[PDB]
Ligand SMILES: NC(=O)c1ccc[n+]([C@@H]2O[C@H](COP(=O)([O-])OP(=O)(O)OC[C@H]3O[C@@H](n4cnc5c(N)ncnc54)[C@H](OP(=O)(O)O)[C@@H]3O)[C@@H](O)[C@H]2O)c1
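Single chain ahead, written as structure tokens, the form solved without the ligand.
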């Protein structure tokens, strides 16, 4: 059942002398092994990418788009095969895992068509000074070079493809470093690009141990761009190693849901629960604190409680709403946040149970700012409700977070909601709906500790391109 996997290096599939065995978090089942690359093997990956860059960047846009469409078609063909393993590898619900692969194909196809019709511009010297009226600048787009793409355990295929396809269509070459927990899924994605015929070296994979290659892959001079999704502390560390090279960071969140007195409380509760407890709360973009006006807090809390009690809690193969968390340390961290809130007097509206690393969904009311749960990102199924007296207080508490990814506002007064949104230190505000990354053409960005750079398809392509200006005088 369990298979030995290999890295894609310069069109070939390569083992290493050592490997890493990967086990299913929900069951402990052995899923397979991936190579534990050395620094010398990382050198070979990067050497082949740089050699392939010249012939890749001089292909036409339409030729590069064709490879991407073919790889998307293969992902769709094999989505049940790949999704089944992804489900086991990161304890994601089976149907949700298959949906991840299908969404990745949609992003790949969309990026191919977005990127191929990008344009340059022509600028007039006479816009700025009369003496230069016959001088014009022809400005065309060019790739940045080699892109290091680092995907996360919670979206090991979706947030690999969100990086690979925008980079490739622009004419960049790519090396994908998946997280160890999620490396099998990353290599299954690689297989699709290889079968699609991506030229040798244009796309490669790297797997290995942090203690062996963790810093080495980022500090290497061959890398021209670093594109990372993961934890905030790891993201900060990457910034210290970037030097002059551009970087994109998609890190943590503590998204607020602001609920005003005129809100539809039943609809707010439905959206809040869907957003907060998806994939057991192991998502950066997700409602992680409710800031609710006193007058409606009792009723909102009862509506939320009713739905939380109905969530299914169990195994990935059963498509449970709440599945086991990624590992024991992660579950320990969440249990600690829950104990701090209990010990400081918060009202537990649903009960805490832990079976292995399967934590039941916990809803707290009367949370206050002295509780860790008011501020820290749990990455687990626990939601605090914080009561406020004015909208001004909700804005202040919201913005006091070190995080600034997204926010939700629930109200029937949209002109007022827009005014609140202007004051919120976040990337995106959703009105009468949960926070979410989609649709993937929309911008996706975070402020403060939540990241750097703007993604969403067209924004990610622009981030991973530069310009080349040719200037001449008309006669």
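Residue numbers count along the first chain shown, from 1. Residues that one form lacks are left out of the comparison. Whichever C-alpha set is largest while still superposing within 1.5 Å between the two forms counts as the rigid core.
Below, we turn to the form solved in complex with the ligand, even though it does not appear here.
For this ligand-free form, the site is classified open because the ligand, superimposed from its arrangement in the deposited bound form, keeps every atom beyond 2.4 Å of the backbone and C-beta atoms.
The candidate site formed by 228, 284 and 437 is fully in contact with the ligand in the deposited bound form, as each residue has a non-hydrogen atom within 4.5 angstroms of it. Among heavy atoms of residue 46, none comes within 4.5 Å of the ligand in the deposited bound form. With a 4.5 Å cutoff on heavy atoms, residue 386 does not count as touching the ligand in the deposited bound form; it lies far away. Interface residue remark: residue 210 is counted as part of the site for the ligand in the deposited bound form, having a heavy atom within 4.5 Å. The ligand in the deposited bound form is not approached by residue 110, whose heavy atoms all lie more than 4.5 angstroms from it. Proximity to the ligand in the deposited bound form, defined as a heavy atom within 4.5 Å, holds among 253, 324, 161, 93 only for 253. The single contact residue among 150, 198, 157, 373, judged by any heavy atom lying within 4.5 Å of the ligand in the deposited bound form, is 150. Listed stretches are 69-77, 171-179, 116-124, 340-348; the contact stretch with the ligand in the deposited bound form is 171-179, by a heavy atom cutoff of 4.5 Å. Of the candidates 212, 397, 348, 313, the Cα that moves 2 angstroms or more after core superposition between the shown form and the other one belongs to 212 alone. Moving regions between the shown form and the other one, defined as 3+ consecutive residues each with a CA shift of at least 2 Å after core superposition, come down to one: 209-212.
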